[PDB]
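Summary of the model geometry
Residue strings, one per chain:
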Amino acid sequence: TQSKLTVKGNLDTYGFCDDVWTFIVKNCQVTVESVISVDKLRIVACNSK
Amino acid sequence: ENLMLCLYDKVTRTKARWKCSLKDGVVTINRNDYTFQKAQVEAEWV
Amino acid sequence: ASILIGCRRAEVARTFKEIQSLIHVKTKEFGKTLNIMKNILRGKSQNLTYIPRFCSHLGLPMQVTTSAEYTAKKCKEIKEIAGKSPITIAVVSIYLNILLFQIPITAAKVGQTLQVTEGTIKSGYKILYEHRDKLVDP
Amino acid sequence: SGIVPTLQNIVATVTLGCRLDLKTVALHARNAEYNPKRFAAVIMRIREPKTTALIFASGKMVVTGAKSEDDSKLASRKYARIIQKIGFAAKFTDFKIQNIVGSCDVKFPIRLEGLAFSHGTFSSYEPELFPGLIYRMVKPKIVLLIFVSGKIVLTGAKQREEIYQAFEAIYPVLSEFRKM
Amino acid sequence: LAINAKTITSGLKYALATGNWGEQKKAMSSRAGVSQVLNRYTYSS
Amino acid sequence: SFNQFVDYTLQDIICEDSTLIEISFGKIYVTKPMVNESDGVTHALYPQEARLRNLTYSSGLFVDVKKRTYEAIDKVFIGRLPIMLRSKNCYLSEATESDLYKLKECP
DNA sequence: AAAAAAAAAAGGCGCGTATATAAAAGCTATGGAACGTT
């Protein structure tokens, strides 16, 4: 895929544990390439290294 | 369910602002599915 | 610290960066050490000199240098962001003089010679062009 | 003179008097952050008051990022409770002001080189390195970080007046080493 | 980086100015008498 | 003799037991006489000025080095040379009369 | 002629410089030891 997504909002809960970053950005917009505003976007991401 | 399943490589914060770089993930948003190649997320913790 | 002490006391202009290029001091512990050493010597007991050194290092004539001298002399009385680490002010006065003249020492060579910002010079030059009023001797 | 060096920050350590489970706090707490490979310190922040909790494995919690003493204290009392909110028997113990960081402005450039030649017992200007000047007053034990723009930054304090009282005794010297 | 030019400079100079052909540490063992002061008493001199 | 020296012997002193366990020494360069004015300029130095101010009619020396890191086995200022007057390297060496006068230097 | 692509950089903040506190948790080096080693 080639789509570029951009998310910007307010973070209320960040959590890091064993290279697992969890973000919950409240009222954030998802910019496809059509920007989708997500009030509650669960972000769970790990280390890619 | 508005869940971003990706991998973070860069998050920089300056006392009030996030700059999160997410790479090679899959995002499902409200009866829609989206997968990106790069993701640049800048949250704001009050 | 004592080397800069000697140079300042005997009226010799020396850059912390030059001194550090001589000696690995990490420059921050050097700053603290020079502070404490100056205070110690004050207990135990004037920035124009830098101009001609750089004038020479760039190969500049003596009338150019005295034009820069008068410019720097007025720099103190021309707050309006006058100095705030006046090494930048000295180098921008030099740039003013060369631009007043027709010398092919364009900013690249001077910056790479004096290890200065290529941008702080034009940042000073912005206010320098307004300040141009009080700089014409002859 | 008469310029109040506004406290740019106030630091405060509080000891929970316990031993948490660092992995437990990372998974359970919400405004919590803690990375082993970098530094074993829990990065806990609360939106009101906006400070940081430097929670270590030994219950040493540091409150930094407020501008006043009580905000660095109120956040701590909230900080302890949210740790208790995890499910631990944490206790708000041993609160103390750590540091008061502060800056001010005088609206006139200062002859720091003038400050350094006569008050070299007290001044330190590094124009090639630091655009300010370090003027450490012994009594009170306050450091005046004295900028050419006029920024007199003051820190190394736990007393609010100590920052204030030191400046009142230093402005005439800056007027001594002033330009206009 | 860190080459003592003063070595050559001062060494040459001192040797000329005194004429002790040798080393600056060589006081008498150095051969002396070279490098006098150019008698300028009279053009022909 | 002086010209011969400063033109050949100088070099062949270097192109000798020069390289060091690696560091190389190359072309040697000789400037015209100058002074490093104390805390200030470096500039040409006519003999007259040298005589009056007790300076030394000398020239700097520059030699080219190549640092060489061993890599699996298996330009640079130096000193300052006094100049004989009217040697090929002296300012006067070729000047004419009227200049000599202007330099306050008896023909 | 016209679309689309290929690619330099400009300008902005990188953080970074120093400056100053204030906090002990991986690492360093100092500081202490005297008994294994000829």
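Note on numbering: residues are counted from 1 along each chain in the order of its written sequence, which can differ from the entry, and residues with no coordinates are hidden. Here chains are named by letter from A upward and ligands by number from 1 upward, in the order in which they appear as written. Any value reported refers to the chains on display, which are one part of a larger assembly. As a rule here, side-chain values come from all non-hydrogen atoms in the structure, and water together with hydrogens is ignored.

Structure determination for the deposited model, as stated in its record, used cryo-EM, and the stated resolution is 3.1 Å.

Details of the protein's contact with DNA strand G
If a single non-hydrogen atom of a residue is within 4 Å of a molecule or strand, that residue counts as near it. Not every one of the 27 residues close to DNA strand G is listed here, only the nearest: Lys28(C), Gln98(D), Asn99(D), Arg136(D) and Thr155(D). Restricting the count to atoms of DNA strand G within 4 Å of the protein gives a sugar and phosphate share of 82%. Side-chain atoms alone can form a polar contact between residues adjacent in sequence; in general such a contact is a pair of N or O atoms within 3.5 Å, and within protein one must be able to donate a hydrogen while the other accepts it. The separation between a phosphate oxygen of DNA strand G and a polar main-chain atom of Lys28(C) is 2.7 Å. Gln98(D) is positioned such that a nitrogen or oxygen atom in its side chain is 2.6 Å from a sugar or linking oxygen of DNA strand G. The greatest single-element share of the surface near DNA strand G, amounting to 4 residues, is contributed by strand β8 (residues 130-137) of chain D. Classifying every residue of the surface near DNA strand G by side-chain character gives 12 nonpolar, 8 polar and 7 charged. We count a stretch as a helix when DSSP gives it H or I for four or more residues in a row; a strand needs E for two or more, and each element gets its number in order from the N terminus. Nonpolar residues are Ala, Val, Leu, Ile, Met, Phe, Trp, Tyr, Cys and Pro. Charged residues are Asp, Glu, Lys and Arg, and all others, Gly as well, are polar.

Observations regarding helix α4 (residues 50-58) of chain C
By the criterion of burial, α4(C) is predominantly enclosed, with 7 of the 9 residues buried. Buried residues of α4(C): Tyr50(C), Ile51(C), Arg53(C), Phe54(C), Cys55(C), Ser56(C) and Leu58(C), and no others. Along its buried surface, α4(C) packs onto α1 (2-9), α2 (16-22), α5 (62-77), α6 (87-100) and α7 (107-114) of chain C together with β3 (42-44) of chain F. Within two residues after α4(C), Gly59(C) carries a phi angle of roughly 75°, on the positive side. Burial classes follow relative accessibility: with a 1.4 Å probe on protein chains only, a residue under 20% of its type's maximum area counts as buried, one over 50% as exposed, and anything between as partly exposed. The contact criterion used throughout is that any non-hydrogen atoms of two residues lie within 4.5 Å.

Let's talk about the interface of chain B and chain D
Contacts between the two partners involve 6 residues from chain B and, on the opposite side, 7 residues from chain D. Buried area is a sum: the accessible area each of two parts loses on coming together, probed at 1.4 Å, counted once for each and added. Carbon and sulfur atoms make up 54% of the surface buried where chain B meets chain D, a total of about 590 Å² over both sides. Contact with chain D buries area across many residues of chain B, yet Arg13(B), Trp45(B) and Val46(B) alone supply 83% of it, more than any other trio. Applying the counting rule to chain B against chain D returns 3 residue pairs in polar contact.

Here we look at the packing of α4(C) against α7(C)
Packed helices, taken two at a time, are described by their axes: the angle between them and the distance between them. All names here are of chain C. Interaxial angles span 0 to 180 degrees and are taken between N-to-C directions of axes, which are lines fitted to C-alpha atoms, for helices over the stretch in contact. Running from N to C, α4 and α7 point in directions that differ by 120°, and their axes come no closer than 10 Å. The angle between α4 and α7 falls in the class oblique. Relative to α7, α4 is oriented so that their crossing is right-handed. Here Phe54, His57 and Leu58 of α4 come into contact with α7, specifically with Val110, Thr113 and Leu114. In this scheme, roughly parallel covers angles under 35 degrees and roughly antiparallel covers those over 145, while 65 to 115 is roughly perpendicular and the rest are oblique. The hand of a helix crossing depends on one turn: near helix anticlockwise from the far one by less than a right angle means left-handed, and clockwise means right-handed.

Looking at the pattern of salt bridges
Pairs can form between side chains of opposite charge whenever their charged atoms are close. A pair is scored as a salt bridge if a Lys or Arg side-chain nitrogen falls within 4 Å of a carboxyl oxygen belonging to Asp or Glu. Here the structure, examined in full by the defined rule, presents 18 salt bridges over all chains. Linking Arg53(F) and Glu37(F) is a salt bridge whose minimum nitrogen-to-oxygen distance equals 3.7 Å. Of this pair, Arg53(F) sits in the loop between α2 (47-52) and β4 (58-67) while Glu37(F) sits in the loop between β2 (34-36) and β3, placing them 16 residues apart in sequence. Ionic pairing is found between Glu49(F) and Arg53(F), a salt bridge with its closest N-O pair at 3.1 Å. Salt bridges sharing common partners tie together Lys8(A), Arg17(B) and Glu42(B).

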